[PDB]
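Written below as structure tokens is the structure these notes are about.
Labels run A, B, C, D, E, F and G following the written order; every chain starts at residue 1.
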Amino acid sequence: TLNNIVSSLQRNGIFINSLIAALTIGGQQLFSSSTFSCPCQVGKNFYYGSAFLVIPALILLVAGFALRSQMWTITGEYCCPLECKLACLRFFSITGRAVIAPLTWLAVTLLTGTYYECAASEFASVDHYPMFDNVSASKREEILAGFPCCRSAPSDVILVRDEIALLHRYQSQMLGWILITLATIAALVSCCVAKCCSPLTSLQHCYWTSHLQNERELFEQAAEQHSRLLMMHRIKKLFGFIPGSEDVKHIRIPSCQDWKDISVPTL
Amino acid sequence: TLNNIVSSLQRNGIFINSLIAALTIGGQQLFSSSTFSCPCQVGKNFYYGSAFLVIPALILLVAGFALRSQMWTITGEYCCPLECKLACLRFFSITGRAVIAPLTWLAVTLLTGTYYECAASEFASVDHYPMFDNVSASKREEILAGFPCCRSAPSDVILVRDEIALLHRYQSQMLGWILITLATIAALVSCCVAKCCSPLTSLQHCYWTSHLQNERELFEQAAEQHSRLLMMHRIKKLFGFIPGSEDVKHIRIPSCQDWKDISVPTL
Amino acid sequence: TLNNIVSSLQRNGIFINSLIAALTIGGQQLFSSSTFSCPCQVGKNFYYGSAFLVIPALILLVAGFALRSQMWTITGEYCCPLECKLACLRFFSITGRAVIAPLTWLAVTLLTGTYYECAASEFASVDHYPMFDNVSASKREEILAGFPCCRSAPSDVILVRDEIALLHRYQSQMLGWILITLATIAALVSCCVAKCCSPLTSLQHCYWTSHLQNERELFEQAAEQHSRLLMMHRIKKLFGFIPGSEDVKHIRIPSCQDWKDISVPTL
Amino acid sequence: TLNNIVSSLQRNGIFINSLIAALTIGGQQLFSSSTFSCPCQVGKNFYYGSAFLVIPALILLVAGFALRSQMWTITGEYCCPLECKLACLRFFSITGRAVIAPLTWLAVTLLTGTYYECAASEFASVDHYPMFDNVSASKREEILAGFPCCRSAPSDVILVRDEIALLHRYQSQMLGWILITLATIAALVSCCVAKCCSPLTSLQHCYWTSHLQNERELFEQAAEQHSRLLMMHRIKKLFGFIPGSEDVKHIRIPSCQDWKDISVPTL
Amino acid sequence: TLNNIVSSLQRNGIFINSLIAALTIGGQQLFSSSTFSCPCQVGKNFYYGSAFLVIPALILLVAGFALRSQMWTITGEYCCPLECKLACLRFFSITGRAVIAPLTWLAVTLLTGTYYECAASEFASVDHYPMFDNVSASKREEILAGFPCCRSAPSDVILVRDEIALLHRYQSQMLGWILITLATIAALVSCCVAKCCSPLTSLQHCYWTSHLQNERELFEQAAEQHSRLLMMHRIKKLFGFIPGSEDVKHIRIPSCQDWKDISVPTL
Amino acid sequence: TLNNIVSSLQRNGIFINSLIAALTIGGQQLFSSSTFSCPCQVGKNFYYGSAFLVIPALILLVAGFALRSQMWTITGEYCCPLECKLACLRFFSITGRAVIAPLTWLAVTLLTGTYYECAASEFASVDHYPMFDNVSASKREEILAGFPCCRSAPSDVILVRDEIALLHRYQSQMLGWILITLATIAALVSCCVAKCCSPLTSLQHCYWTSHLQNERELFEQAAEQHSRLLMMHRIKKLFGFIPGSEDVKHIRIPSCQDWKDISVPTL
Amino acid sequence: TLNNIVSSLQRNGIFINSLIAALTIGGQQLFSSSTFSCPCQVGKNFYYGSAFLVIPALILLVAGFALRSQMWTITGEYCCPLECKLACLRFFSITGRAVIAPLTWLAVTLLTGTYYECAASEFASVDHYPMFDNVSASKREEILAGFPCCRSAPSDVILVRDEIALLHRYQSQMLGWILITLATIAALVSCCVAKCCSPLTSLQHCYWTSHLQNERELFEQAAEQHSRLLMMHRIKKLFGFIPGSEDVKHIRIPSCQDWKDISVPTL
């Protein structure tokens, strides 16, 4: 009853998506808590933020796309009527599986907000503050870029610092929620248009998907067994018996030429 | 006896609804305790409250609707007499399954009350207080929006702050209870009207539901097996044997054309 | 031997009632300890008490009534001689199962007494106290409604506060015990009148109950199997074989019309 | 070997009585330690004591009587020679099973003594004490009713308070032991008179008890199976096959009248 | 069902790559935390950094290449048309398996950044600092190379030290991300060119890979069994019976010459 | 399935090498942490270092060589054309297995560096230090050899001591890395030359290795069984029956001469 | 599969030697940490050291020699050509097994060094020390023998004491390493000479060892069974039946003489 439930879970896309989301959440939390530190320099901050904010998302998206075996076969069918639409639906299913990881990464890294604070701590709109009028532009940047990493000044400075940090946290969480809502709406309307443009009925779709999966699996197994039989026959021609048999009555000692004969695999 | 009880539980809707409610309660608690912080700015507070109060509820409702496989088939039957009523009952059952998640999310997030305090901490009716008469409107908003996040003033200020916070907690819990009662009454009267408008008797309903479920399952299994047999026959035409058989006597080596023959799946 | 004892317990109503009572006790304790706080305002207190005291009890009673499957069938038999009495006994058994939850909720929430103190902390009869003679009515309400939540005054005030709180605890526990006794007496006399008005003998009752339960179960199983056979026959007409068979000799490829043929389920 | 010992224990009345006593002891301890607090008012104390002392005992006694299935059948046989004596012995056995719970509740709640102290802390005979001569009657009651709950006075007051409390503890434990002894003697003499007035011999009694129990069990099982067969036959008349059979050759589609035919259960 | 899943995992390259990456991450963390200490001398620092940064990566790459059995056979086929392309694809697959370890080592050791700080703590561009103008070049190097290991100077020195360290951490993490992105893009375009230049179709590739693996395995097993039979025959010629048989009827005692006969293994 | 995986692991040389390396790492760590202490005398230090640095490595190398059973047979074949090359390859495989232990011992004991500090703490090049100019040569050695073990002097002394210790740690780790790289390169080029000078093809090598192993195993088993049969026959000649048989019909009592007959084992 | 691996381990001499070494290491550590204390008298110290250093080693060597069963048989064959050489090889194998224990005891007790310090704390060469010039010979011995056990003098005394102790620790560890190296070289050259002087070939040796072991085992088992049969026959002559049989038909009661008959065992 074990392998039954194992296959039932493997088929269930909800479980796979949940596992991917949970793994990305845990990985982001550990990654942030371990190897993140604001440089708080004058111009080398926004890049340090945008790197952690963007690059892992793109990387995980490319990984979720390329790691899908069927995508390579589809692309090979495309690289140098109805077939076009079926290929479109296959690409759509693969994209639906793949997009989950970078989306949840972006969502968590924006809702936590610790990356966005360090990302745009220099673009803070400082125009109506009492301590930022006399200071020159350079020292202004110097003291503005020093808020996220550490605190060393009197209470008024820490007050304006906490205010700016809270403003940026608000911006981050609002951006995160907007991303979540817009992305879910886009996914819903895309599934809707996929259902609308499908030339197949509701029942033919199930048959087609099962056909594709079962096709791949059986062709794999059959090619394996066929090559196994062929190699077994060549082995019997070399040595003189079957590798699986017992009490073999004839044992043909190989000659110095048949070793050269078996050197090539006939491709 | 394991898989027996597994199927008995899977059929039992009470267990599924209980699990959904428990998962939503736990998720809301963790989400609130982890990634929530009041910005306590002058105009960017009510939005920060309403986002967490509303958006996850709508998102979870849309997710509970779209993730139901039968809903897509019903909509496809609808998109471009008795059938209308049967489709109405199917939609009703799906809605009854789906609504549980956003309702419990709203209920818990209102009964805890920590979101509502941060949601309407600016609309506090301050008209009969001793310290809020001399202050101008702008500074009034400034000091009113600063209650939820932190406390830095003398005892009278913290007293009026605690009073306002308790008032808002009362409002939140009252709103939550009203939502619970109204929603349960609506669900009850809707089930009543569903029983009233049902053209089927009490016994035909059971037969119909079992018929629909069993229909989907058997058509799935049969289409799978049929496509499996067809692909097995094409494999026998290519290689010359059955993928499941042993001691195959004829092995037909494929030619350079039959590979091109098998390139297309006959749709 | 496991499923044997499982069914023996499921039949045993004592176990089900004990489990319901224990779950309600635990839920009330957690609910009270987590999300309860006295507002201690001037007029918005009694409602805050009565809500937690009453609304969950009514809600749980309605839930215990509607969640019983047989109640819906009985009501449908009633909505648009001996049958009347049998329906009365069925309704009586369902009511006996359902009433347990709200009764135990009320009992525990009155015996703990923390809700009743916050419910009627304003109706305290203050007429023979030394500090409540000079104060006006408004300030009297202000200082009377402030006892339950916090304490900030000298020792005489805390003394009269503890006295009033103890009086209200006494009232709550007395009300709880009266409710318990009256409710048990009512349940006993109702079971007595049910035994008195029963047109069936002592032995026919057992046969009737077993008949009803077994009837529902077997009709369920038989309708399931019948619909399964019918769908299997339609599948054989479509594809040309039985979904359970092996080594099928004929495989009928479907045409573009038979897909439309299977689109309707014949209701 | 498990279910063997399970049935051996279920038959053993000693185990059931021990379990009931242990459950009542634990429940009383938790109940007392959780929801008990002396009001220590002037006239609302004795009732607060007598409630916890008496009401749960009566309630548990009524519950132990009514929850016995055989008692209902016996009462129905009685409500509108030898049979009278046999019914008397059956009632006696049921009473012997039921009385255990309230007796042990009373015993434990008197031996612990914390309820009795709060029950009669006002009837304390104060006639030979140095501090209770000048005080008026009203203030005397006020200071006498304030001993159990709290202590706020100098050492002489706490001395007389401890003396009175110890006296009341002595009274409680003595009353408890008297109750235990008198109750056991009454139970013994009642079992003696039951053995004396029994018209059956020592051996016929065993046969009679086994007969009654086995009678109930077999009639239950047989009525269940009979109704199951009858419903199976009606199902075969409706659909055209047996719910348990496989490879049914005839499937009779139901008509719009036979659904109405099956609507009534023939009582 | 165990060995089934074991083989399924062994085939799954994703699991093997994940395990390799995790092992390298853990090993790097332990290695760094255990046996790393900055010498902070004048010229013997950059080498101490570059050693840990580079040498383990190269070593692990060579180990991942040479430990692959098929690579040795391919090289032997190469050392003293279509075969060239097939050998290229085999080398490509081996390289894809091997490169994972040094890449992840470099990535982790750059993202942690503790090696890079100690690597280039002497090339720090110190030109606009107040304390580094009067000091000579030698003492400048002396005080610049002493930042990473320890701190012993007043607050201005520790301030410029923290600034330089943060700058170098920024540089390290930026270099790490650039390496990750460039390496993934290179791997993707290399897989693309491998798919482009493949003379085999999408299906022949699967057959070819399965053929190679199965070929190696069966030739191994068959050669083992053949040599076993040959040695068994020589043993029967020496002693006079079969090593596996029971109740041997003839036992030939060996002579002083047959021991010399068996001394040589016939190569 | 257990013994299957056991044999698969036993064959896998990677596992054996990993286990040897891990055991040597753990043993070196414990050995160093337990029984190491610098004598810090004037001339008896370098020997104390070189002993722990070298002697265990040589000892473990000799142990890894001599403990290999096949090495003894090969040496006996050598002690008093193609056979020479085959013996060379066998010796090469044995050396490849054996060298792992002393190499990893040296590597770990140099990377930890605690042995090298105590090894060459007297050859420290002290020429440009302020405190080592006035002191005579003897006292110079006295104070130089006292750095590693303990510290008792003012801060300047501990400063120069830490500097010298860090220099020596740098030297140790650099020497360790050079040893690792040079040794791996030597092993790689040696495997290359072994592949180059092999007179056997790629496939004959596998057959030859399997032949040697299987040869040893079967000859062992067969010699055991043959001697067992011979001793069983002598026992039957002495006592008169077979040691394995049951219900022996003849029991020959031994005489005083046959005991002397069995005293010699016929060599 | 358990007893298989058990016998495989029992045959493996490496495991037995490892276990012996580990047991001796643990026993020496516990023995030293528990029951060792320096007497630090004037002439009764060197003996106290040499006892623990030597006597257990000799004792364990004698125990490892005498406890070997085959050694007794060989000595009996010796006590009152080729046989001489075979006996020499047997003695050599026994010695190789036995020597492991005292060697590892000596090694550990010298490397720990705590015994050697207490062994030669009186032979300390004190000739160039400032405090040992004026003191007479007797008091010199008194203060020299008091270093190891306790410390009671000013800092100069403890300084010279630590220096002497470190010198002796160095001597001990150097002696230990010399013993290890010399002993391993001796064992290696002895195994070499054993291989050189062996009149048997490489293969006859395996057969001979297996023959000796199997010979001992089978003779044991056969003698046991033979004596068992003989005693069973005497028992049948006494009582009249077989001790293993059931439903014996004749039971011969013994007489007063046959008891005397069975008194002697016929030797």
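We adopt the following convention: a contact is a pair of C-beta atoms (placed from the backbone, for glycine too) under 8 Å apart; a residue touches a chain by one contact, two chains touch by 3 or more.
The UniProt protein names, listed by chain, are A, B, C, D, E, F, G = Calcium homeostasis modulator protein 4.
Enquirer: Report the chain pair from C-D, A-F or B-D that duplicates the F-G interface, where duplication means over half of the contact pairs agree by residue number.
Expert: Among C-D, A-F or B-D, the interface that shares over half of its contact pairs with F-G is C-D.
Enquirer: Between A-F and A-E, name the chain pair that shares the greater number of C-beta pairs in contact.
Expert: A-E
Enquirer: Where the centres are mean C-alpha positions, what is the separation of subunit A from subunit C, in Å?
Expert: About 46 Å separates the centre of subunit A from that of subunit C.
Enquirer: Just curious, how far off is subunit B from subunit A if you go by their C-alpha centres, in Å?
Expert: Spacing between the chain centres: roughly 24 Å.
Enquirer: Just curious, how far off is subunit F from subunit B if you go by their C-alpha centres, in Å?
Expert: The mean C-alpha positions of subunit B and subunit F differ by 64 Å.
Enquirer: Can you list the subunit G residues in contact with two or more other chains?
Expert: 203
Enquirer: Mind listing the subunit C positions that touch subunit B in their complex?
Expert: Contacts found on subunit C: 2-3, 35, 37, 39-41, 44, 47-48, 51, 55, 59, 62-63, 66-67, 72-73, 75-77, 79, 149, 219-220, 223-224, 226-228, 230-232, 235, 239, 241, 243, 248, 251, 265, 267.
Enquirer: Tell me, which parts of subunit E touch subunit B in their complex?
Expert: Of all residues in subunit E, those touching subunit B are 201, 203-204.
Enquirer: Which residues of subunit G touch subunit F in their complex?
Expert: Touching subunit F: residues 1, 4, 14, 82-83, 86, 111-113, 163, 166-167, 169-170, 173-174, 177, 180-181, 184, 188, 191, 195-196, 202-203, 206-208, 210-212, 214-215, 218-219, 221-222, 225-226, 229-230, 233 of subunit G.
Enquirer: Looking at the complex, which residues from subunit B come into contact with subunit E?
Expert: Within the complex, subunit B contacts subunit E at residues 259, 262-263.
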